[PDB]
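A short worksheet on the structure shown next.
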Amino acid sequence: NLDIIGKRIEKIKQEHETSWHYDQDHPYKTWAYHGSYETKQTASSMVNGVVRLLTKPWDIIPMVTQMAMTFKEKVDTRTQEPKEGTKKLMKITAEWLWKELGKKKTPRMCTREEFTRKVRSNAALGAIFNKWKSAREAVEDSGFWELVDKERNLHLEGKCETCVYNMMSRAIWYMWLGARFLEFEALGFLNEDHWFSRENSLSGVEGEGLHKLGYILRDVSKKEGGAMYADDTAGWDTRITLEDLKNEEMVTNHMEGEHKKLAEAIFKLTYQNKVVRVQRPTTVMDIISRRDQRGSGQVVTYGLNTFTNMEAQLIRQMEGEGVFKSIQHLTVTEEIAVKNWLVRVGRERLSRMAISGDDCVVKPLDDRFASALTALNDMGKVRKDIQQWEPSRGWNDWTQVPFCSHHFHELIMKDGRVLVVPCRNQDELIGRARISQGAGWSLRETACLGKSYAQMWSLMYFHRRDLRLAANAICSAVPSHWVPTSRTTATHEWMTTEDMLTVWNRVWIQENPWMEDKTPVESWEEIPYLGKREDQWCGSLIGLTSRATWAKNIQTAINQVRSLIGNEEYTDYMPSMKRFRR
Ligand SMILES: [Zn+2]
Ligand SMILES: [Zn+2]
């Protein structure tokens, strides 16, 4: 408690010594409360006018239009201590999993140089605005790095002064850039060196890309076993136990020298003990603490969520296969059985899963998995939208399974080659492309964000009639040489000024390991769509009068946007489609 967090607490006290007060009407039950001080401040979702002017039929679809308008009683809940049998299963599995992940990788520190290059091309590193304006500026000033130095030597000394969380089913904890550096220095290797790649982790999909995920689920489907299970956890980040944070910290067992000590400090001082500032309207800032739940950077959060989810799902597989009988207590011979299962079939069982942070798909040995719930519930990973002891419902068809907000279609090209393509309800895709985040967007910057969405649709969602047409319209309406942008950036092959047919060939044919025949595609007309009825099932407006008038009159919409942007060099991409090709 207060020895590890006191100094952070003491320091904040004094920068608002005029305002400090132990409020007696504080709302916190599960968070330790420490005090309050004076503040007054809040970024809402703005419409992208380039995308909206070129998607007129969707102006009357509430599922699209409502997306642009507008639980903190889950961050204030408490998960119970798992039983001794559960704690043993987790410690054995975590020990084995770090060794497997470490067999072909070397833990290492990430560098000021690496951190600097990141900030100078806009990665979402969840920092705050004070002393310098942006992250770009702090990184060039040696004063910052002296602040970083003071904190760093404090961490070597087992103490913390400035690593404090700022709060804002989504809750995002920003820290100052300095704290973020020290986190990246110690733990950035997990992401920078692809510890959760599929090649390295067998269950993971880190760096795959949406073009690969369907083929990965189809490969899992080829395994002998039961249904495919895709159970979502209710508020994953809020169910991370102190026991989970201690098994995650065992990655430090693979480290040495300075790095080992820097990583141990991040886990001890910032993860297993946290200090947070929260805005309360009654407007004060509350300084609250707790030991458990997830609050790291979003990129370290991804890797440790993937790790702990891989661990949880192997244990659920062990329960289904009868490896242990009860979570109350592991016998000595059950430990040896668990250890032996991991050595004998561990890697095979990892290959039966696709895991992306809190999201999983599991094809177990058989359907005993469906009712194997005691370890999963006791670890605190309670399933969303099903009663605690009701058996899981599995999927019989890999094309039905939800994963990373998508499902996947098998689509046969006119030449017999097989594409496995990503898909989701088209209202969600159009509604997201119609939204920008933040202020001071020029017309040019708004156009270049529209072009990013359009090129993503050409690469990932070409099989949806409405999105191929809208993508071609947006790319016709935005000057041909303007570079696609995004303020928060998986593999993003659409972020390029290269011709999209050349990029399509490189991704779906040349690089595709599932595609044996490498014959390039010569035109967009060779590239197939879903069935017309399947396109409608997934939200197409094909067949509506509104959509027919939009498609027929698209050159008028393209010309409206060109007239707003002004006299620039444009390309007509509409004749790449059969119906505009005269
Ligand atoms: Zn610190
Ligand atoms: Zn679909």
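Following the order of the structure tokens, chains are lettered A, B, ..., residues in each are numbered from 1, and ligands are numbered from 1.
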I need the residues in region 410-575 of chain A that are helix (DSSP H, G or I) according to DSSP; give them as JSON, numbers by chain. {"A": [426, 427, 428, 429, 430, 431, 432, 433, 443, 444, 445, 446, 447, 448, 449, 450, 451, 452, 453, 454, 455, 456, 457, 458, 459, 460, 465, 466, 467, 468, 469, 470, 471, 472, 473, 474, 475, 476, 477, 500, 501, 502, 503, 504, 505, 506, 507, 508, 509, 510, 524, 525, 526, 532, 533, 534, 535, 536, 537, 545, 546, 547, 548, 549, 550, 551, 552, 554, 555, 556, 557, 558, 559, 560, 561, 562, 563, 564, 565, 574, 575]}
Can you tell me which residues sit at most 6 Å away from ligand 2, counting only C-alpha atoms and all ligand atoms, written as a short mmCIF file (atom, residue, chain, number, x, y, z; two decimals) with N, CA, C and O atoms, in the first residue's frame?
data_model
loop_
_atom_site.label_atom_id
_atom_site.label_comp_id
_atom_site.auth_asym_id
_atom_site.auth_seq_id
_atom_site.Cartn_x
_atom_site.Cartn_y
_atom_site.Cartn_z
N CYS A 423 -15.62 -9.63 -43.48
CA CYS A 423 -16.95 -8.99 -43.69
C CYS A 423 -17.55 -8.55 -42.35
O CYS A 423 -17.22 -9.14 -41.35
N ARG A 424 -18.36 -7.50 -42.36
CA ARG A 424 -19.26 -7.16 -41.24
C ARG A 424 -20.44 -6.38 -41.79
O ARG A 424 -20.46 -6.04 -42.98
N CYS A 538 -25.80 -9.18 -45.55
CA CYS A 538 -24.76 -8.43 -44.81
C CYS A 538 -24.92 -6.90 -44.94
O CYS A 538 -23.94 -6.19 -44.68
#
As an exercise, work out the distance from CA of residue 35 (chain A) to CA of residue 147 (chain A) in Å and give it to one decimal place. 25.6 Å
Environment of ligand 1 within 9 Å, counting only C-alpha atoms and all ligand atoms, reported as a PyMOL selection string: chain A and resi 8+151-152+154-155+159-164+178-179+182+265-266+269-270
Prev. selection, N, CA, C and O atoms, output as a PDB file, in the first residue's frame:
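Below is the file that was written, out.pdb:
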ATOM      1  N   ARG A   8       4.051   9.439  -4.981  1.00  0.00           N
ATOM      2  CA  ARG A   8       3.186   9.918  -6.093  1.00  0.00           C
ATOM      3  C   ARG A   8       2.059  10.752  -5.487  1.00  0.00           C
ATOM      4  O   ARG A   8       1.764  11.830  -6.028  1.00  0.00           O
ATOM      5  N   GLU A 151      13.321   9.740 -13.006  1.00  0.00           N
ATOM      6  CA  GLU A 151      12.304   8.688 -12.719  1.00  0.00           C
ATOM      7  C   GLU A 151      12.954   7.311 -12.868  1.00  0.00           C
ATOM      8  O   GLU A 151      12.740   6.446 -11.975  1.00  0.00           O
ATOM      9  N   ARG A 152      13.728   7.135 -13.944  1.00  0.00           N
ATOM     10  CA  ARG A 152      14.443   5.876 -14.274  1.00  0.00           C
ATOM     11  C   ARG A 152      15.320   5.453 -13.090  1.00  0.00           C
ATOM     12  O   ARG A 152      15.207   4.282 -12.659  1.00  0.00           O
ATOM     13  N   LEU A 154      15.075   6.478 -10.014  1.00  0.00           N
ATOM     14  CA  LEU A 154      14.070   6.175  -8.958  1.00  0.00           C
ATOM     15  C   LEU A 154      13.556   4.730  -9.100  1.00  0.00           C
ATOM     16  O   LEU A 154      13.539   4.008  -8.066  1.00  0.00           O
ATOM     17  N   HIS A 155      13.196   4.285 -10.311  1.00  0.00           N
ATOM     18  CA  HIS A 155      12.739   2.883 -10.562  1.00  0.00           C
ATOM     19  C   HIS A 155      13.839   1.864 -10.198  1.00  0.00           C
ATOM     20  O   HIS A 155      13.507   0.861  -9.535  1.00  0.00           O
ATOM     21  N   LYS A 159      11.399   2.774  -6.421  1.00  0.00           N
ATOM     22  CA  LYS A 159      10.492   3.887  -6.021  1.00  0.00           C
ATOM     23  C   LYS A 159       9.929   4.578  -7.270  1.00  0.00           C
ATOM     24  O   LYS A 159      10.573   4.500  -8.326  1.00  0.00           O
ATOM     25  N   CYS A 160       8.814   5.303  -7.128  1.00  0.00           N
ATOM     26  CA  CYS A 160       8.086   5.984  -8.237  1.00  0.00           C
ATOM     27  C   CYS A 160       7.587   7.361  -7.770  1.00  0.00           C
ATOM     28  O   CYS A 160       7.093   7.455  -6.627  1.00  0.00           O
ATOM     29  N   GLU A 161       7.644   8.376  -8.635  1.00  0.00           N
ATOM     30  CA  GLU A 161       7.198   9.761  -8.307  1.00  0.00           C
ATOM     31  C   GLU A 161       6.150  10.279  -9.304  1.00  0.00           C
ATOM     32  O   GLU A 161       5.245  11.022  -8.851  1.00  0.00           O
ATOM     33  N   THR A 162       6.249   9.947 -10.596  1.00  0.00           N
ATOM     34  CA  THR A 162       5.473  10.637 -11.660  1.00  0.00           C
ATOM     35  C   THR A 162       4.671   9.668 -12.542  1.00  0.00           C
ATOM     36  O   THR A 162       4.023  10.177 -13.463  1.00  0.00           O
ATOM     37  N   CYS A 163       4.692   8.349 -12.300  1.00  0.00           N
ATOM     38  CA  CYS A 163       3.949   7.349 -13.126  1.00  0.00           C
ATOM     39  C   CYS A 163       2.512   7.196 -12.590  1.00  0.00           C
ATOM     40  O   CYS A 163       2.221   6.235 -11.824  1.00  0.00           O
ATOM     41  N   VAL A 164       1.646   8.121 -13.010  1.00  0.00           N
ATOM     42  CA  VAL A 164       0.246   8.313 -12.521  1.00  0.00           C
ATOM     43  C   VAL A 164      -0.737   8.181 -13.697  1.00  0.00           C
ATOM     44  O   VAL A 164      -0.537   8.838 -14.731  1.00  0.00           O
ATOM     45  N   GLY A 178       6.678  10.613 -20.484  1.00  0.00           N
ATOM     46  CA  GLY A 178       7.849  10.087 -19.760  1.00  0.00           C
ATOM     47  C   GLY A 178       7.596   8.700 -19.197  1.00  0.00           C
ATOM     48  O   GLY A 178       8.449   7.798 -19.419  1.00  0.00           O
ATOM     49  N   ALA A 179       6.471   8.536 -18.495  1.00  0.00           N
ATOM     50  CA  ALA A 179       5.977   7.252 -17.937  1.00  0.00           C
ATOM     51  C   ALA A 179       5.792   6.226 -19.064  1.00  0.00           C
ATOM     52  O   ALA A 179       6.182   5.057 -18.863  1.00  0.00           O
ATOM     53  N   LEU A 182       9.179   4.836 -20.293  1.00  0.00           N
ATOM     54  CA  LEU A 182       9.720   3.843 -19.336  1.00  0.00           C
ATOM     55  C   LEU A 182       8.960   2.525 -19.495  1.00  0.00           C
ATOM     56  O   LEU A 182       9.607   1.442 -19.396  1.00  0.00           O
ATOM     57  N   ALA A 265      10.191  -3.144 -11.998  1.00  0.00           N
ATOM     58  CA  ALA A 265       9.712  -1.851 -11.464  1.00  0.00           C
ATOM     59  C   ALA A 265       8.391  -1.463 -12.143  1.00  0.00           C
ATOM     60  O   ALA A 265       7.475  -0.999 -11.425  1.00  0.00           O
ATOM     61  N   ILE A 266       8.303  -1.577 -13.471  1.00  0.00           N
ATOM     62  CA  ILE A 266       7.037  -1.260 -14.190  1.00  0.00           C
ATOM     63  C   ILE A 266       5.936  -2.142 -13.579  1.00  0.00           C
ATOM     64  O   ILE A 266       4.933  -1.583 -13.129  1.00  0.00           O
ATOM     65  N   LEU A 269       5.410  -1.253  -9.562  1.00  0.00           N
ATOM     66  CA  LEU A 269       5.128   0.139  -9.130  1.00  0.00           C
ATOM     67  C   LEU A 269       3.945   0.729  -9.890  1.00  0.00           C
ATOM     68  O   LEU A 269       3.279   1.622  -9.305  1.00  0.00           O
ATOM     69  N   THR A 270       3.732   0.334 -11.149  1.00  0.00           N
ATOM     70  CA  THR A 270       2.706   0.962 -12.029  1.00  0.00           C
ATOM     71  C   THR A 270       1.564  -0.019 -12.338  1.00  0.00           C
ATOM     72  O   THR A 270       0.491   0.462 -12.596  1.00  0.00           O
TER      73      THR A 270
END
Near residue 541 (chain A), counting only C-alpha atoms, which residues have an atom at most 10 Å away, once you skip same-chain residues fewer than 5 positions from it, shown as an mmCIF file with N, CA, C and O atoms, in the first residue's frame?
data_model
loop_
_atom_site.group_PDB
_atom_site.id
_atom_site.type_symbol
_atom_site.label_atom_id
_atom_site.label_comp_id
_atom_site.auth_asym_id
_atom_site.auth_seq_id
_atom_site.Cartn_x
_atom_site.Cartn_y
_atom_site.Cartn_z
ATOM 1 N N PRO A 57 -27.535 7.651 -49.977
ATOM 2 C CA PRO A 57 -28.631 6.758 -49.584
ATOM 3 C C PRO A 57 -28.628 6.448 -48.075
ATOM 4 O O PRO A 57 -29.686 6.199 -47.520
ATOM 5 N N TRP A 58 -27.452 6.502 -47.426
ATOM 6 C CA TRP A 58 -27.273 6.156 -45.996
ATOM 7 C C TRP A 58 -27.673 7.327 -45.093
ATOM 8 O O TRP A 58 -27.743 7.123 -43.864
ATOM 9 N N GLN A 426 -22.740 -3.854 -43.227
ATOM 10 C CA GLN A 426 -22.214 -2.722 -44.028
ATOM 11 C C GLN A 426 -22.611 -1.395 -43.380
ATOM 12 O O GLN A 426 -21.878 -0.397 -43.581
ATOM 13 N N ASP A 427 -23.696 -1.356 -42.593
ATOM 14 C CA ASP A 427 -24.050 -0.105 -41.869
ATOM 15 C C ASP A 427 -22.899 0.290 -40.944
ATOM 16 O O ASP A 427 -22.649 1.486 -40.778
ATOM 17 N N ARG A 465 -20.817 -4.923 -53.129
ATOM 18 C CA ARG A 465 -21.162 -4.055 -54.287
ATOM 19 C C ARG A 465 -21.138 -2.574 -53.892
ATOM 20 O O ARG A 465 -20.506 -1.791 -54.619
ATOM 21 N N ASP A 466 -21.812 -2.181 -52.807
ATOM 22 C CA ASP A 466 -21.953 -0.761 -52.432
ATOM 23 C C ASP A 466 -20.572 -0.178 -52.083
ATOM 24 O O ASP A 466 -20.342 1.008 -52.367
ATOM 25 N N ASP A 535 -24.980 -10.471 -50.124
ATOM 26 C CA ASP A 535 -24.601 -9.040 -50.013
ATOM 27 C C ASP A 535 -25.723 -8.309 -49.270
ATOM 28 O O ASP A 535 -25.433 -7.584 -48.282
ATOM 29 N N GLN A 536 -26.977 -8.558 -49.651
ATOM 30 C CA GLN A 536 -28.164 -8.001 -48.960
ATOM 31 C C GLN A 536 -28.195 -8.475 -47.498
ATOM 32 O O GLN A 536 -28.356 -7.620 -46.589
ATOM 33 N N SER A 546 -33.475 4.109 -53.857
ATOM 34 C CA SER A 546 -32.424 5.071 -53.399
ATOM 35 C C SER A 546 -31.033 4.667 -53.951
ATOM 36 O O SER A 546 -30.301 5.539 -54.469
ATOM 37 N N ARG A 547 -30.665 3.402 -53.866
ATOM 38 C CA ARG A 547 -29.311 2.911 -54.235
ATOM 39 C C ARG A 547 -29.159 2.986 -55.762
ATOM 40 O O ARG A 547 -28.078 3.368 -56.238
ATOM 41 N N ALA A 548 -30.185 2.582 -56.515
ATOM 42 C CA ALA A 548 -30.185 2.641 -57.999
ATOM 43 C C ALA A 548 -29.967 4.093 -58.472
ATOM 44 O O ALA A 548 -29.188 4.314 -59.414
#
Just want the 9 Å neighbourhood of region 236-241 of chain A, counted on only C-alpha atoms, with same-chain residues fewer than 6 positions away dropped. Output as number ranges by chain. A: 74-82, 291-295, 301, 305, 308, 358, 379-382
Selection to disk with N, CA and C atoms, as an mmCIF file, in the first residue's frame:
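What landed in out_7.cif:
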data_model
loop_
_atom_site.group_PDB
_atom_site.id
_atom_site.type_symbol
_atom_site.label_atom_id
_atom_site.label_comp_id
_atom_site.auth_asym_id
_atom_site.auth_seq_id
_atom_site.Cartn_x
_atom_site.Cartn_y
_atom_site.Cartn_z
ATOM 1 N N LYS A 74 -18.526 -0.509 -13.644
ATOM 2 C CA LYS A 74 -17.815 -1.809 -13.813
ATOM 3 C C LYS A 74 -16.342 -1.666 -13.404
ATOM 4 N N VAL A 75 -15.731 -0.494 -13.630
ATOM 5 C CA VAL A 75 -14.376 -0.162 -13.092
ATOM 6 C C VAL A 75 -14.463 -0.156 -11.556
ATOM 7 N N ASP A 76 -15.632 0.180 -10.992
ATOM 8 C CA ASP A 76 -15.918 0.128 -9.532
ATOM 9 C C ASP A 76 -16.645 -1.200 -9.216
ATOM 10 N N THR A 77 -16.016 -2.351 -9.516
ATOM 11 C CA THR A 77 -16.399 -3.719 -9.041
ATOM 12 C C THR A 77 -15.137 -4.438 -8.536
ATOM 13 N N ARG A 78 -15.282 -5.622 -7.923
ATOM 14 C CA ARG A 78 -14.170 -6.361 -7.258
ATOM 15 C C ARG A 78 -14.274 -7.864 -7.565
ATOM 16 N N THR A 79 -13.257 -8.428 -8.230
ATOM 17 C CA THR A 79 -13.121 -9.884 -8.517
ATOM 18 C C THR A 79 -12.565 -10.586 -7.278
ATOM 19 N N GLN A 80 -13.072 -11.780 -6.960
ATOM 20 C CA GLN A 80 -12.647 -12.578 -5.776
ATOM 21 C C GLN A 80 -11.293 -13.250 -6.057
ATOM 22 N N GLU A 81 -10.559 -13.600 -4.997
ATOM 23 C CA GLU A 81 -9.329 -14.434 -5.053
ATOM 24 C C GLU A 81 -9.686 -15.825 -5.587
ATOM 25 N N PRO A 82 -9.019 -16.314 -6.655
ATOM 26 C CA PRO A 82 -9.218 -17.692 -7.095
ATOM 27 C C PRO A 82 -8.814 -18.670 -5.981
ATOM 28 N N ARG A 291 -4.855 -2.189 -6.654
ATOM 29 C CA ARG A 291 -3.755 -3.131 -6.956
ATOM 30 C C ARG A 291 -4.046 -3.906 -8.261
ATOM 31 N N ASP A 292 -5.314 -4.213 -8.557
ATOM 32 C CA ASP A 292 -5.713 -5.181 -9.620
ATOM 33 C C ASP A 292 -6.383 -4.451 -10.800
ATOM 34 N N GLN A 293 -6.926 -5.218 -11.760
ATOM 35 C CA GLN A 293 -7.440 -4.746 -13.069
ATOM 36 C C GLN A 293 -6.291 -4.349 -13.997
ATOM 37 N N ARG A 294 -6.619 -4.194 -15.280
ATOM 38 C CA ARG A 294 -5.692 -3.748 -16.344
ATOM 39 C C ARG A 294 -5.760 -2.228 -16.490
ATOM 40 N N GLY A 295 -4.576 -1.631 -16.432
ATOM 41 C CA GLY A 295 -4.252 -0.237 -16.767
ATOM 42 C C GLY A 295 -2.772 -0.182 -17.084
ATOM 43 N N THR A 301 -1.071 -3.537 -23.080
ATOM 44 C CA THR A 301 -2.371 -4.149 -22.705
ATOM 45 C C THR A 301 -2.718 -5.268 -23.701
ATOM 46 N N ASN A 305 -2.996 -9.106 -22.415
ATOM 47 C CA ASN A 305 -4.361 -9.666 -22.613
ATOM 48 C C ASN A 305 -4.240 -10.936 -23.455
ATOM 49 N N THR A 308 -2.628 -13.800 -21.189
ATOM 50 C CA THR A 308 -3.482 -14.277 -20.079
ATOM 51 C C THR A 308 -4.709 -14.996 -20.660
ATOM 52 N N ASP A 358 -8.442 -9.813 -25.704
ATOM 53 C CA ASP A 358 -9.550 -10.475 -24.965
ATOM 54 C C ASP A 358 -10.422 -11.309 -25.898
ATOM 55 N N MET A 379 -11.328 -18.062 -12.277
ATOM 56 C CA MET A 379 -10.265 -17.113 -12.705
ATOM 57 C C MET A 379 -10.874 -15.713 -12.859
ATOM 58 N N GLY A 380 -12.207 -15.593 -12.825
ATOM 59 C CA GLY A 380 -12.958 -14.325 -12.977
ATOM 60 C C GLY A 380 -13.301 -13.953 -14.409
ATOM 61 N N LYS A 381 -13.054 -14.836 -15.381
ATOM 62 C CA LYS A 381 -13.289 -14.577 -16.830
ATOM 63 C C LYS A 381 -14.712 -15.022 -17.204
ATOM 64 N N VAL A 382 -15.679 -14.404 -16.534
ATOM 65 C CA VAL A 382 -17.140 -14.676 -16.677
ATOM 66 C C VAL A 382 -17.579 -14.264 -18.087
#
Could you pull out the residues in region 371-457 of chain A that DSSP calls strand (DSSP E or B) from the backbone, as a PyMOL selection string? chain A and resi 383+395+403+406-412+418-423+435-437
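Distance annotation: of A:533, A:316, A:136, A:290, the residue with the minimal separation from residue 29 (chain A) is A:290; atom set is only C-alpha atoms.
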